[PDB]
Amino acid sequence: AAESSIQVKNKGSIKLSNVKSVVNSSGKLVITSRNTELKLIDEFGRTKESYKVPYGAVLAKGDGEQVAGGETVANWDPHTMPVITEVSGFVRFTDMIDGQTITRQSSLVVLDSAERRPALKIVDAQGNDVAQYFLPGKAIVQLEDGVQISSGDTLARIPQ
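Residues numbered from 1 in each chain as written, not as in the entry; some residues may be left out. Part of a larger assembly, values for the part shown. Heavy atoms only, no water. Residues with missing side-chain atoms left out of burial classes, pairs and counts.

- For this deposited structure, the header cites cryo-EM as the method used and 3.5 Å as the resolution.

Below is the structure:
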(Lines give C-alpha, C1' and ligand atoms only; values in the text may rest on other atoms or scores of the structure.)
Protein backbone atom coordinates (compact mmCIF):
# COMPACT_ATOMS: atom_id res chain seq x y z
CA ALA A 1 0.00 0.00 0.00
CA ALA A 2 1.69 3.17 -1.26
CA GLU A 3 -0.91 5.35 0.50
CA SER A 4 0.67 6.99 3.55
CA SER A 5 -2.61 8.44 4.83
CA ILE A 6 -3.84 7.12 8.18
CA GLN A 7 -7.59 6.63 8.57
CA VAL A 8 -9.43 6.86 11.89
CA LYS A 9 -12.44 4.61 12.41
CA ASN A 10 -14.09 6.41 15.35
CA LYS A 11 -14.03 9.89 16.88
CA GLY A 12 -11.33 9.29 19.48
CA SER A 13 -8.88 11.99 20.53
CA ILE A 14 -5.33 11.24 19.41
CA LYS A 15 -2.86 10.60 22.25
CA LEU A 16 0.67 10.81 20.83
CA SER A 17 3.29 9.37 23.18
CA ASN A 18 7.10 9.22 23.09
CA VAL A 19 7.53 12.03 20.56
CA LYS A 20 9.87 14.99 20.07
CA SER A 21 8.34 18.43 19.51
CA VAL A 22 10.20 20.30 16.76
CA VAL A 23 8.90 23.56 15.31
CA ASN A 24 8.26 23.23 11.58
CA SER A 25 7.77 25.82 8.83
CA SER A 26 4.04 25.80 9.70
CA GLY A 27 1.90 25.34 12.81
CA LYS A 28 2.43 21.57 12.67
CA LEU A 29 5.34 19.76 14.31
CA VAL A 30 7.79 17.14 13.01
CA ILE A 31 8.78 14.18 15.19
CA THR A 32 12.47 13.24 15.24
CA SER A 33 12.00 10.08 17.34
CA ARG A 34 11.86 6.71 15.58
CA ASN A 35 9.64 5.09 18.23
CA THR A 36 6.23 6.78 18.25
CA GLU A 37 2.80 5.55 19.36
CA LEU A 38 -0.76 6.78 18.85
CA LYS A 39 -3.69 6.25 21.21
CA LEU A 40 -7.38 7.11 20.90
CA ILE A 41 -9.38 8.41 23.88
CA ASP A 42 -13.08 9.10 23.25
CA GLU A 43 -15.08 8.68 26.47
CA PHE A 44 -12.86 6.42 28.60
CA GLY A 45 -9.17 5.58 28.89
CA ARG A 46 -9.43 2.45 26.75
CA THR A 47 -7.66 2.74 23.39
CA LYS A 48 -8.95 1.34 20.11
CA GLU A 49 -6.42 2.45 17.49
CA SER A 50 -2.62 2.32 17.71
CA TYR A 51 -1.00 2.29 14.23
CA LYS A 52 2.66 3.38 14.01
CA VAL A 53 4.49 6.55 12.98
CA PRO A 54 8.03 6.74 11.54
CA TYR A 55 10.49 9.58 12.02
CA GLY A 56 10.05 12.81 10.11
CA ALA A 57 6.25 12.65 10.17
CA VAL A 58 3.94 15.68 10.17
CA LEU A 59 0.75 15.47 12.23
CA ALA A 60 -2.39 16.87 10.61
CA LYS A 61 -4.07 17.49 13.98
CA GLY A 62 -2.35 18.39 17.22
CA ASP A 63 -2.08 16.06 20.19
CA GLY A 64 -5.17 15.96 22.39
CA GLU A 65 -7.49 17.20 19.64
CA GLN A 66 -10.78 15.28 19.41
CA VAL A 67 -10.63 14.24 15.77
CA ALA A 68 -14.08 13.47 14.37
CA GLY A 69 -12.71 10.36 12.65
CA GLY A 70 -12.43 9.33 9.03
CA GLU A 71 -9.73 11.94 8.38
CA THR A 72 -5.94 11.84 8.32
CA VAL A 73 -4.27 12.80 11.60
CA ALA A 74 -0.61 12.42 10.54
CA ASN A 75 1.08 12.55 7.14
CA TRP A 76 4.58 11.42 6.18
CA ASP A 77 6.53 10.36 3.12
CA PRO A 78 5.99 6.60 2.58
CA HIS A 79 9.35 6.26 0.80
CA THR A 80 11.77 8.67 2.51
CA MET A 81 12.42 9.81 6.07
CA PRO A 82 13.20 13.55 6.01
CA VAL A 83 16.18 14.89 7.96
CA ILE A 84 15.26 17.90 10.09
CA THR A 85 17.31 21.11 10.27
CA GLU A 86 18.17 22.30 13.78
CA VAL A 87 19.37 25.75 12.64
CA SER A 88 17.22 28.02 10.47
CA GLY A 89 19.00 29.97 7.75
CA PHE A 90 21.24 29.49 4.76
CA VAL A 91 22.44 25.97 3.98
CA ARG A 92 26.22 25.67 4.33
CA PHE A 93 27.73 23.26 1.80
CA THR A 94 31.36 22.24 2.38
CA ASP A 95 33.68 20.70 -0.23
CA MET A 96 31.24 20.83 -3.15
CA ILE A 97 32.96 19.15 -6.12
CA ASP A 98 31.41 19.50 -9.58
CA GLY A 99 31.63 16.59 -12.01
CA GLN A 100 32.27 13.96 -9.32
CA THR A 101 29.88 14.75 -6.44
CA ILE A 102 27.30 16.58 -8.62
CA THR A 103 24.51 14.79 -10.51
CA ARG A 104 22.16 17.01 -12.50
CA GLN A 105 18.53 15.89 -12.55
CA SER A 106 18.95 23.30 -8.08
CA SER A 107 18.47 19.59 -7.36
CA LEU A 108 22.02 18.22 -7.14
CA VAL A 109 23.51 15.25 -5.32
CA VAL A 110 25.76 15.95 -2.34
CA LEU A 111 28.49 13.30 -2.53
CA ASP A 112 29.10 9.58 -3.02
CA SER A 113 31.03 7.57 -0.44
CA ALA A 114 32.05 4.93 -2.99
CA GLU A 115 33.25 7.56 -5.48
CA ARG A 116 35.27 9.39 -2.80
CA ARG A 117 30.87 13.25 3.35
CA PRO A 118 31.73 16.67 4.79
CA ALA A 119 29.72 17.78 7.83
CA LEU A 120 28.70 21.38 8.44
CA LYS A 121 26.09 23.32 10.39
CA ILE A 122 23.31 25.40 8.87
CA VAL A 123 24.26 29.07 8.61
CA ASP A 124 22.36 31.55 10.77
CA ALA A 125 21.63 34.22 8.14
CA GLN A 126 24.28 33.89 5.39
CA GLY A 127 27.47 32.22 6.59
CA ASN A 128 27.42 32.48 10.38
CA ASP A 129 28.44 29.43 12.41
CA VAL A 130 25.92 28.04 14.89
CA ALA A 131 24.91 20.68 14.21
CA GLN A 132 26.52 18.00 12.04
CA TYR A 133 25.13 17.15 8.59
CA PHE A 134 25.69 13.54 7.51
CA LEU A 135 25.50 12.63 3.81
CA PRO A 136 25.13 8.87 3.22
CA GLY A 137 25.25 7.16 -0.15
CA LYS A 138 23.05 8.71 -2.86
CA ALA A 139 22.09 11.56 -0.51
CA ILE A 140 21.00 14.65 -2.46
CA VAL A 141 20.22 18.17 -1.22
CA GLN A 142 18.14 20.35 -3.54
CA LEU A 143 18.79 23.52 -1.51
CA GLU A 144 21.79 25.54 -2.67
CA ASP A 145 23.94 27.77 -0.49
CA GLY A 146 22.21 30.94 0.64
CA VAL A 147 18.71 29.48 0.28
CA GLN A 148 17.89 30.79 3.79
CA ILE A 149 15.73 27.76 4.55
CA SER A 150 13.74 27.91 7.78
CA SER A 151 13.69 25.28 10.51
CA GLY A 152 11.32 22.38 9.96
CA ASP A 153 11.88 22.03 6.21
CA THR A 154 13.54 19.23 4.25
CA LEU A 155 14.23 18.53 0.58
CA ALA A 156 14.15 15.19 -1.21
CA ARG A 157 16.82 12.87 0.20
CA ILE A 158 16.76 10.25 -2.61
CA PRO A 159 17.42 7.10 -0.52
CA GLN A 160 19.93 4.66 -1.97
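## Brief notes about the overall build of the protein chain
Logical step 1: Within the protein chain one finds 0 helices and 6 strands.
Logical step 2: Along its sequence from the N terminus, the protein chain presents helices and strands in the succession β-β-β-β-β-β.
Logical step 3: By principal-axis analysis of the C-alpha atoms, the protein chain measures approximately 60 × 35 × 20 Å. (Helix = DSSP H or I, 4+ residues; strand = E, 2+ residues; numbered from the N terminus.)

## Side note on the side chain of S33
Logical step 1: Along the chain, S33 turns up in the loop between β1 (13-17) and β2 (37-41).
Logical step 2: Excluding residues within four positions of it along the chain, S33 makes contact with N18, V19, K20 and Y55. (Contact = heavy atoms within 4.5 Å.)

## Considering the environment of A60
Logical step 1: Position of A60 relative to the elements: it lies in the loop between β3 (58-59) and β4 (74-75).
Logical step 2: Between the alpha carbons of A60 and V73 there is a distance of 4.6 Å; along the sequence they are 13 residues apart.
Logical step 3: Excluding residues that lie within four positions of it along the chain, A60 makes contacts with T72, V73 and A74.

## Here's the deal with unusual backbone geometry
Logical step 1: Non-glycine residue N18 carries a positive phi angle of around 55 degrees.
Logical step 2: Along the chain, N18 falls in the loop between β1 and β2.
Logical step 3: Positive phi values are uncommon outside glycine, yet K138 reaches one of about 65 degrees.
Logical step 4: Looking at where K138 falls in the secondary structure, it is placed in the loop between β5 (108-109) and β6 (140-141).

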